[PDB]
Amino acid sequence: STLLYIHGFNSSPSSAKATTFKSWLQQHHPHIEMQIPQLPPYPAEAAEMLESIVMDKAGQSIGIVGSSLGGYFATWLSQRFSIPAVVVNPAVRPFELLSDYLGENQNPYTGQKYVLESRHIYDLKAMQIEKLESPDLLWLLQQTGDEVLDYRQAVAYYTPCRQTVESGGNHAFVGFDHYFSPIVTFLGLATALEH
């Protein structure tokens, strides 16, 4: 099986939630491949790279976890290719917040400098899914303490989906480790049929 982790804006595989998850997965589920790609800064490119990884593993068991903007990408991927996904404090309308991020930018971890343009916003916006066709595939993890995103949008948008809403906390999501095992089970990446 494969666990595809999708990081957020100006982030990278060094994301805390990803590295801690990877260490845990290594001890408890060594046969689960943890894929945490470094996403390019452009929406279309990031989407194509993510789609390519999916089709390389769609034959076997594959599940996705996406945080912040990564949750938007995860949702798109999930519904389009019918893949289970857990979205952590996901951006529902990232095209709105990123419009304020237009212009010169730099990924502090890769050092890559880029210019976020309006067309990039269009590309992200074009991925918007107004009606979830396969809600049973999504699981929303959200903390109302998030000061980057307004939890209301996520709670309403993922209404037909399983949800775990915690009051307090923050955008980074405090205590993500508690969900490691629940996530593997939700994504159906482990099995006991061979025990």
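Quick note: we count residues from 1 along the sequence shown, nothing fancier.
Remark: stretch with higher mean C-alpha B factor among 113-121 and 81-89 is 113-121. For the two regions 5-13 and 173-181, the entry's Cα B-factors average higher over 173-181. Across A58, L137, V65, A46, the entry's maximum B-factor at the CA atom is seen for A58. Among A126, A156, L50, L69, the highest C-alpha B-factor in the deposited entry belongs to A126. When the modelled residues of the chain are ordered by their C-alpha B factor, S99 lands in the highest third. Ranked by C-alpha B-factor against the other modelled residues of its chain, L149 falls in the middle third. In the PDB entry, a CA B factor belonging to the lowest third of its chain's modelled residues is recorded for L141. Placement of the Cα temperature factor of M34 within the chain: highest third of the modelled residues, per the deposited record.
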